[PDB]
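Worksheet: the structure to be examined is printed underneath.
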There are 2 protein chains.
Amino acid sequence: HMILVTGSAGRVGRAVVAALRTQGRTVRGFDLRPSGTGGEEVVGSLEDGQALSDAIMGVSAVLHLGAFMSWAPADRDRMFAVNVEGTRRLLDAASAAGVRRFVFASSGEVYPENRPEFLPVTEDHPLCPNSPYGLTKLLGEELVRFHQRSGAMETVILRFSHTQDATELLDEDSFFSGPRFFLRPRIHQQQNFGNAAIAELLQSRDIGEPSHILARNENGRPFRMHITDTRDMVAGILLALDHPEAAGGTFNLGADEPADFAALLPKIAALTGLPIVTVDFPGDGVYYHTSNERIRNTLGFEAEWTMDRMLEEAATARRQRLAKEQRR
Amino acid sequence: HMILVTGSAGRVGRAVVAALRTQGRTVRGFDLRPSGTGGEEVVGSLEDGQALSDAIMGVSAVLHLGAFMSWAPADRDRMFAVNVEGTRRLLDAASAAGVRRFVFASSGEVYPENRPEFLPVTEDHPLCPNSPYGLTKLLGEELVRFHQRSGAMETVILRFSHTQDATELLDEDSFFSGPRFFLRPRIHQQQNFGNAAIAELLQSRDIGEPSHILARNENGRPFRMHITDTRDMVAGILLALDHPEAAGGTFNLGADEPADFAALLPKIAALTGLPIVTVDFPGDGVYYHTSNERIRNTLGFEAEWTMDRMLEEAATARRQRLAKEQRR
Ligand SMILES: NC(=O)c1ccc[n+]([C@@H]2O[C@H](COP(=O)([O-])OP(=O)(O)OC[C@H]3O[C@@H](n4cnc5c(N)ncnc54)[C@H](O)[C@@H]3O)[C@@H](O)[C@H]2O)c1
Ligand SMILES: NC(=O)c1ccc[n+]([C@@H]2O[C@H](COP(=O)([O-])OP(=O)(O)OC[C@H]3O[C@@H](n4cnc5c(N)ncnc54)[C@H](O)[C@@H]3O)[C@@H](O)[C@H]2O)c1
Ligand SMILES: [Cl-]
Ligand SMILES: [Cl-]
Ligand SMILES: [Cl-]
């Protein structure tokens with residue numbers, strides 16, 4: 001019963017592989033780069049037919065978390081090659097090899113949570129992505145649905161919440177949470193994204209010392225979104241892998257409730273000591289609630305990493321980091 | 001107002017092109033082979049980025065009919081490359097070029113009509129394709145829907161009925177109508193597919209001379225399906241190109257009612273003189289009605305080619321071939 005995990009060197013993938021191996025289960029990784037764990041893994045690409053064949057031999061179940069997420073147009077062809085065509089051929093290879101279950105990591109971008117038609121967003125919400133990435137995940141879901149209806153291989157679609165390791169939340173250098181909660185990282189981010197008007201706007205709000213940012217829309221409505229701990233995502237993925245009721249299912253996977261930035265930022269500020277700069281962005285901004293009621297009542301999923309628990313652990317890590325910079 | 005028509009060397013595409021040029025409109029073809037009309041056309045592939053950019057230059061509207069339809073596993077990669085990736089890059093090229101309207105040829109296999117969940121099949125029927133070709137067209141519609149919601153380009157999705165030139169209906173050597181209505185081209189077909197238990201069964205039913213076949217299901221339910229004249233499809237396509245109310249629309253495009261083979265076959269044999277063999281295939285067979293009410297009500301579509309009109313022309317053509325052949 002070997003389990004194949006693609007994206008096994010990534011945030012969610014590596015934690016899934018570690019949980020499985022801690023259970024003593026046989027796992028094979030599949031990622032562009034080594035995990036650094038020395039465990040069995042393919043180093044290679046989802047675009048490579050040879051790698052796909054090597055990866056699937058003797059495999060009983062597949063956790064397909066490997067995907068490319070990019071903003072720039074120059075990366076769009078690659079994103080479709082990896083996310084759509086890579087997923088298509090991985091499905092066909094899995095099916096032909098007699099894989100028993102295939103779990104697919106999708107995204108809230110298939111709805112999209114950035115522009116919902118109603119709240120809370122349920123699995124029955126229309127799938128109308130507005131980003132090329134979200135489009136790739138929708139096409140991916142459609143490939144999965146085809147195998148679901150047509151073969152012996154069981155499938156599960158899991159639409160991921162935005163996911164962070166707790167320690168990422170209070171790290172200015174983290175890819176997502178830095179720009180999300182800290183003003184200067186966001187300036188650098190937007191500069192690199194080439195969003196000139198935004199980067200100079202943010203610049204205009206800098207107060208002479210590092211600060212947090214409380215993001216709001218043009219009407220002063222604070223951003224609101226789900227941020228789920230990697231450990232809760234791992235728990236849901238293992239449920240999708242093992243629970244009998246997950247077969248043929250599609251589930252939102254994430255924490256119960258979103259974080260409202262008007263309540264989150266002062267909690268973050270209380271742990272960092274940094275002041276808060278409030279910025280009203282042009283547009284309607286971000287504001288969503290996503291229901292995980294289906295996965296809770298079907299698979300018995302229970303998220304346990306509340307923002308408070310996550311923040312408590314993020315803060316401890318930040319303080320240990322400082323004490324090295326500080327040498328205190 | 002240059003109109004690009006992909007698949008312009010094909011059954012529907014060449015007829016659409018001929019109609020547009022008969023109206024004195026400016027058209028550019030795009031297909032793997034020359035049409036043989038001597039009109040302006042790209043001879044090239046949808047897989048070729050260079051062909052795409054050449055084809056799209058100065059184009060104000062695109063009628064995207066070019067696609068690869070195959071059953072064989074060896075052809076599957078190219079069918080996805082042409083139908084999905086070709087469509088993705090054509091849409092992007094068209095949007096970037098300022099194309100005003102993009103019309104996409106989809107298929108009743110997106111439902112699929114070969115396995116409906118309710119009759120008559122309407123545009124709101126769920127999209128659950130069970131063939132890889134059907135899946136390519138569904139992925140194709142999702143690409144189009146992405147552009148519809150996004151940019152300035154108008155889109156129209158047309159789900160095509162099975163479509164024939166009238167003259168193909170009584171031609172043993174036509175790709176679809178030969179095997180549909182003639183026993184021996186069908187044996188020859190089912191063999192080449194590789195369905196021995198089907199071919200063997202048909203070969204056991206040969207009465208010693210060429211014959212028509214009347215296909216029925218296991219309970220003796222004769223097949224029933226829409227078969228639309230290319231000319232009716234062309235009329236629908238021109239409406240989708242021109243009618244203001246087509247923008248953002250999705251329409252079933254086909255004749256009003258399906259043909260019941262128990263009625264159709266005697267009419268066919270009354271024109272050919274050949275006997276009929278009634279064959280009961282294993283399975284639920286083919287049985288569907290598809291509604292064209294939306295396109296009739298919304299765009300004013302009226303189909304004009306009844307089966308009897310189609311057959312009269314098919315029979316005339318058959319007699320002309322037989323006459324040249326036997327030199328009479
Ligand atoms: N991180 C999030 O908040 C989030 C949100 C929505 C969806 N998702 C999806 O959940 C999955 C896992 O997310 P993550 O947080 O661990 O992101 P991640 O970037 O940390 O991990 C993705 C991994 O996939 C690998 N990969 C990329 N291209 C590959 C290729 N051609 N062949 C083999 N491997 C390749 C990457 O190397 C990477 O290790 C992804 O599919 C992601 O798109 C994540
Ligand atoms: N004929 C039917 O009953 C039917 C039913 C459902 C859907 N459709 C669809 O309606 C459209 C028109 O079909 P048709 O009846 O004219 O069939 P057709 O086979 O006669 O025409 C298809 C044309 O697309 C062209 N094509 C294939 N690959 C190409 C490529 N890589 N680059 C450029 N051109 C390429 C082909 O050369 C061909 O001429 C097609 O999209 C088809 O898939 C047809
Ligand atoms: Cl944000
Ligand atoms: Cl190319
Ligand atoms: Cl048939």
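We label chains A, B, ... in the order they appear in the structure tokens, count residues from 1 in each chain, and number ligands from 1 in the order shown.
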Residues contacting ligand 5 - anything with an atom at most 8 Å away, using only C-alpha atoms and all ligand atoms - can you give me those as number ranges by chain? B: 179-181, 215, 223, 286
Selection to disk with C-alpha atoms, as an mmCIF file, in the first residue's frame:
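The resulting result_11.cif:
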```cif
data_model
loop_
_atom_site.group_PDB
_atom_site.id
_atom_site.type_symbol
_atom_site.label_atom_id
_atom_site.label_comp_id
_atom_site.auth_asym_id
_atom_site.auth_seq_id
_atom_site.Cartn_x
_atom_site.Cartn_y
_atom_site.Cartn_z
ATOM 1 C CA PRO B 179 -21.978 2.493 -40.382
ATOM 2 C CA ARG B 180 -25.150 4.068 -38.927
ATOM 3 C CA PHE B 181 -27.401 2.858 -41.754
ATOM 4 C CA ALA B 215 -30.187 -0.431 -34.496
ATOM 5 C CA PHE B 223 -32.184 4.162 -31.518
ATOM 6 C CA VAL B 286 -28.918 5.561 -28.077
#
```
Hey, what does DSSP flag as strand (DSSP E or B) within range 119-247 of chain B? Can you give it to me as JSON, numbers by chain? {"B": [121, 154, 155, 156, 157, 158, 159, 160, 163, 164, 182, 212, 213, 214, 215, 216, 222, 224, 225, 228, 229]}
Please find the residues of chain A near chain B - the criterion being any atom within 8 Å, counting only C-alpha atoms - and write them as JSON, numbers by chain. {"A": [128, 129, 130, 135, 139, 142, 143, 146, 149, 150]}
Write the selection just made, keeping N, CA and C atoms, as an mmCIF file, in the first residue's frame?
```
data_model
loop_
_atom_site.group_PDB
_atom_site.id
_atom_site.type_symbol
_atom_site.label_atom_id
_atom_site.label_comp_id
_atom_site.auth_asym_id
_atom_site.auth_seq_id
_atom_site.Cartn_x
_atom_site.Cartn_y
_atom_site.Cartn_z
ATOM 1 N N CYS A 128 -16.675 29.805 -10.991
ATOM 2 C CA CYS A 128 -16.442 30.882 -11.953
ATOM 3 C C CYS A 128 -15.123 31.603 -11.718
ATOM 4 N N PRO A 129 -13.997 30.896 -11.887
ATOM 5 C CA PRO A 129 -12.714 31.499 -11.503
ATOM 6 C C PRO A 129 -12.401 32.745 -12.313
ATOM 7 N N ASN A 130 -11.716 33.704 -11.697
ATOM 8 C CA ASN A 130 -11.322 34.915 -12.416
ATOM 9 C C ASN A 130 -9.797 35.040 -12.572
ATOM 10 N N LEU A 135 -8.516 28.966 -12.844
ATOM 11 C CA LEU A 135 -8.984 28.259 -14.031
ATOM 12 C C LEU A 135 -8.289 26.891 -14.158
ATOM 13 N N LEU A 139 -10.217 23.243 -14.303
ATOM 14 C CA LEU A 139 -9.967 22.236 -15.341
ATOM 15 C C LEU A 139 -9.482 20.938 -14.700
ATOM 16 N N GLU A 142 -12.331 19.080 -13.224
ATOM 17 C CA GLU A 142 -13.127 18.453 -14.277
ATOM 18 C C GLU A 142 -12.505 17.163 -14.791
ATOM 19 N N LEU A 143 -11.179 17.116 -14.834
ATOM 20 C CA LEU A 143 -10.487 15.871 -15.185
ATOM 21 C C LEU A 143 -10.737 14.803 -14.124
ATOM 22 N N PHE A 146 -14.250 13.372 -14.304
ATOM 23 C CA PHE A 146 -14.346 12.429 -15.401
ATOM 24 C C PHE A 146 -13.904 11.041 -14.964
ATOM 25 N N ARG A 149 -16.549 9.345 -12.517
ATOM 26 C CA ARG A 149 -17.692 8.727 -13.188
ATOM 27 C C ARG A 149 -17.327 7.496 -14.013
ATOM 28 N N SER A 150 -16.072 7.381 -14.441
ATOM 29 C CA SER A 150 -15.771 6.463 -15.538
ATOM 30 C C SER A 150 -14.887 5.262 -15.220
#
```
Atom-to-atom span, CA of residue 260 in chain A and CA of residue 177 in chain A, Å: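 Computed distance, CA of residue 260 in chain A to CA of residue 177 in chain A, equals 14.6 Å.
Here CA of residue 230 in chain A stands at a distance of 15.2 Å from CA of residue 66 in chain A.
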Using only C-alpha atoms and all ligand atoms, which residues of the polymer chains come no farther than 12 Å from ligand 3? I'd like the answer as a PDB file with N, CA and C atoms, in the first residue's frame.
```pdb
ATOM      1  N   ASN A 114     -12.385  35.191  -3.881  1.00  0.00           N
ATOM      2  CA  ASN A 114     -12.097  36.625  -4.039  1.00  0.00           C
ATOM      3  C   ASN A 114     -13.282  37.418  -4.584  1.00  0.00           C
ATOM      4  N   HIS A 162      -6.582  29.055   1.923  1.00  0.00           N
ATOM      5  CA  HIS A 162      -5.221  29.570   2.067  1.00  0.00           C
ATOM      6  C   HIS A 162      -4.622  28.910   3.303  1.00  0.00           C
ATOM      7  N   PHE A 175       6.474  34.321   2.369  1.00  0.00           N
ATOM      8  CA  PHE A 175       6.018  34.737   1.045  1.00  0.00           C
ATOM      9  C   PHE A 175       4.635  35.390   1.069  1.00  0.00           C
ATOM     10  N   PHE A 176       3.742  34.855   1.894  1.00  0.00           N
ATOM     11  CA  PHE A 176       2.371  35.354   1.929  1.00  0.00           C
ATOM     12  C   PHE A 176       2.120  36.258   3.132  1.00  0.00           C
ATOM     13  N   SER A 177       2.399  35.752   4.331  1.00  0.00           N
ATOM     14  CA  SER A 177       2.063  36.479   5.565  1.00  0.00           C
ATOM     15  C   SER A 177       2.871  37.748   5.809  1.00  0.00           C
ATOM     16  N   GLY A 178       4.097  37.785   5.300  1.00  0.00           N
ATOM     17  CA  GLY A 178       4.901  38.995   5.401  1.00  0.00           C
ATOM     18  C   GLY A 178       4.189  40.182   4.771  1.00  0.00           C
ATOM     19  N   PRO A 179       3.948  40.116   3.447  1.00  0.00           N
ATOM     20  CA  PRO A 179       3.221  41.171   2.741  1.00  0.00           C
ATOM     21  C   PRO A 179       1.802  41.322   3.265  1.00  0.00           C
ATOM     22  N   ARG A 180       1.218  40.247   3.784  1.00  0.00           N
ATOM     23  CA  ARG A 180      -0.152  40.342   4.276  1.00  0.00           C
ATOM     24  C   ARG A 180      -0.285  41.218   5.526  1.00  0.00           C
ATOM     25  N   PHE A 181       0.654  41.086   6.464  1.00  0.00           N
ATOM     26  CA  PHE A 181       0.512  41.727   7.769  1.00  0.00           C
ATOM     27  C   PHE A 181       1.567  42.789   8.068  1.00  0.00           C
ATOM     28  N   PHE A 182       2.563  42.933   7.201  1.00  0.00           N
ATOM     29  CA  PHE A 182       3.624  43.908   7.457  1.00  0.00           C
ATOM     30  C   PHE A 182       3.743  44.876   6.284  1.00  0.00           C
ATOM     31  N   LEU A 183       3.801  46.173   6.577  1.00  0.00           N
ATOM     32  CA  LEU A 183       3.714  47.182   5.522  1.00  0.00           C
ATOM     33  C   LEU A 183       4.888  47.128   4.549  1.00  0.00           C
ATOM     34  N   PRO A 185       7.345  44.768   3.821  1.00  0.00           N
ATOM     35  CA  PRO A 185       7.322  43.609   2.915  1.00  0.00           C
ATOM     36  C   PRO A 185       6.279  43.727   1.797  1.00  0.00           C
ATOM     37  N   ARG A 186       5.105  44.271   2.106  1.00  0.00           N
ATOM     38  CA  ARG A 186       4.074  44.438   1.085  1.00  0.00           C
ATOM     39  C   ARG A 186       4.520  45.427   0.005  1.00  0.00           C
ATOM     40  N   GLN A 189       6.980  43.583  -2.137  1.00  0.00           N
ATOM     41  CA  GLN A 189       6.184  42.635  -2.920  1.00  0.00           C
ATOM     42  C   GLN A 189       5.560  43.299  -4.142  1.00  0.00           C
ATOM     43  N   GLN A 190       4.780  44.348  -3.901  1.00  0.00           N
ATOM     44  CA  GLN A 190       4.054  45.033  -4.968  1.00  0.00           C
ATOM     45  C   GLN A 190       4.990  45.650  -6.000  1.00  0.00           C
ATOM     46  N   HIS A 212       2.765  47.223  10.943  1.00  0.00           N
ATOM     47  CA  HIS A 212       1.805  46.304  10.370  1.00  0.00           C
ATOM     48  C   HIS A 212       0.911  47.043   9.410  1.00  0.00           C
ATOM     49  N   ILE A 213       0.259  46.284   8.538  1.00  0.00           N
ATOM     50  CA  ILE A 213      -0.793  46.833   7.711  1.00  0.00           C
ATOM     51  C   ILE A 213      -2.121  46.160   8.034  1.00  0.00           C
ATOM     52  N   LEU A 214      -3.153  46.979   8.227  1.00  0.00           N
ATOM     53  CA  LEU A 214      -4.520  46.481   8.316  1.00  0.00           C
ATOM     54  C   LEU A 214      -5.181  46.831   6.998  1.00  0.00           C
ATOM     55  N   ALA A 215      -5.360  45.829   6.146  1.00  0.00           N
ATOM     56  CA  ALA A 215      -5.935  46.043   4.825  1.00  0.00           C
ATOM     57  C   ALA A 215      -7.454  46.152   4.880  1.00  0.00           C
ATOM     58  N   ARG A 216      -7.983  47.160   4.195  1.00  0.00           N
ATOM     59  CA  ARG A 216      -9.423  47.352   4.072  1.00  0.00           C
ATOM     60  C   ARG A 216      -9.713  47.696   2.617  1.00  0.00           C
ATOM     61  N   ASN A 217     -10.970  47.589   2.199  1.00  0.00           N
ATOM     62  CA  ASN A 217     -11.318  47.997   0.841  1.00  0.00           C
ATOM     63  C   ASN A 217     -11.545  49.506   0.715  1.00  0.00           C
ATOM     64  N   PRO A 222     -12.753  46.071   6.446  1.00  0.00           N
ATOM     65  CA  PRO A 222     -11.538  45.292   6.717  1.00  0.00           C
ATOM     66  C   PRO A 222     -11.554  43.991   5.927  1.00  0.00           C
ATOM     67  N   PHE A 223     -10.402  43.547   5.428  1.00  0.00           N
ATOM     68  CA  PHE A 223     -10.333  42.277   4.704  1.00  0.00           C
ATOM     69  C   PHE A 223     -10.751  41.142   5.627  1.00  0.00           C
ATOM     70  N   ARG A 224     -11.344  40.096   5.057  1.00  0.00           N
ATOM     71  CA  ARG A 224     -11.746  38.935   5.837  1.00  0.00           C
ATOM     72  C   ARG A 224     -11.567  37.680   4.990  1.00  0.00           C
ATOM     73  N   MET A 225     -10.866  36.683   5.520  1.00  0.00           N
ATOM     74  CA  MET A 225     -10.532  35.505   4.718  1.00  0.00           C
ATOM     75  C   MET A 225     -10.156  34.364   5.648  1.00  0.00           C
ATOM     76  N   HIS A 226     -10.209  33.127   5.156  1.00  0.00           N
ATOM     77  CA  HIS A 226      -9.773  31.977   5.963  1.00  0.00           C
ATOM     78  C   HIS A 226      -8.268  31.816   5.852  1.00  0.00           C
ATOM     79  N   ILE A 227      -7.620  31.616   6.991  1.00  0.00           N
ATOM     80  CA  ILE A 227      -6.222  31.226   7.023  1.00  0.00           C
ATOM     81  C   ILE A 227      -6.120  29.980   7.888  1.00  0.00           C
ATOM     82  N   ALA A 259     -10.786  34.981   9.259  1.00  0.00           N
ATOM     83  CA  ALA A 259     -10.270  35.945  10.217  1.00  0.00           C
ATOM     84  C   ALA A 259     -10.623  37.325   9.710  1.00  0.00           C
ATOM     85  N   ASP A 260     -11.217  38.143  10.567  1.00  0.00           N
ATOM     86  CA  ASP A 260     -11.505  39.509  10.162  1.00  0.00           C
ATOM     87  C   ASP A 260     -10.309  40.351  10.577  1.00  0.00           C
ATOM     88  N   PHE A 261      -9.735  41.095   9.637  1.00  0.00           N
ATOM     89  CA  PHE A 261      -8.463  41.769   9.891  1.00  0.00           C
ATOM     90  C   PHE A 261      -8.559  42.869  10.953  1.00  0.00           C
ATOM     91  N   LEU A 265      -5.488  41.924  13.316  1.00  0.00           N
ATOM     92  CA  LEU A 265      -4.315  42.792  13.372  1.00  0.00           C
ATOM     93  C   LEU A 265      -3.948  43.295  14.778  1.00  0.00           C
ATOM     94  N   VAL A 279      -4.849  50.803   5.786  1.00  0.00           N
ATOM     95  CA  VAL A 279      -4.854  51.220   4.389  1.00  0.00           C
ATOM     96  C   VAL A 279      -6.130  50.786   3.670  1.00  0.00           C
ATOM     97  N   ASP A 280      -6.835  51.763   3.104  1.00  0.00           N
ATOM     98  CA  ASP A 280      -7.996  51.488   2.263  1.00  0.00           C
ATOM     99  C   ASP A 280      -7.556  51.307   0.822  1.00  0.00           C
ATOM    100  N   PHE A 281      -7.627  50.071   0.340  1.00  0.00           N
ATOM    101  CA  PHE A 281      -7.269  49.762  -1.036  1.00  0.00           C
ATOM    102  C   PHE A 281      -8.416  50.057  -2.002  1.00  0.00           C
ATOM    103  N   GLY A 285     -11.995  44.684  -2.401  1.00  0.00           N
ATOM    104  CA  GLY A 285     -11.115  43.995  -1.470  1.00  0.00           C
ATOM    105  C   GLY A 285     -11.461  42.534  -1.306  1.00  0.00           C
ATOM    106  N   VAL A 286     -11.102  41.984  -0.151  1.00  0.00           N
ATOM    107  CA  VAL A 286     -11.334  40.579   0.146  1.00  0.00           C
ATOM    108  C   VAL A 286     -12.296  40.457   1.331  1.00  0.00           C
ATOM    109  N   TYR A 287     -13.321  39.619   1.186  1.00  0.00           N
ATOM    110  CA  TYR A 287     -14.319  39.422   2.234  1.00  0.00           C
ATOM    111  C   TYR A 287     -15.096  38.151   1.936  1.00  0.00           C
TER     112      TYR A 287
END
```
Ligand 4: which residues are within 7 Å, counting only C-alpha atoms and all ligand atoms? Reply as a ChimeraX atom specification. /B:47-50
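Taking CA of residue 184 in chain A as the reference point, CA of residue 211 in chain A is found at 7.3 Å.
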Which residues are near ligand 1 in this structure, taking near to mean any atom at most 7 Å from a ligand atom and counting only C-alpha atoms and all ligand atoms? Format them as a PyMOL selection string. chain A and resi 6-13+30-33+44-47+65-69+82+105-108+160-164
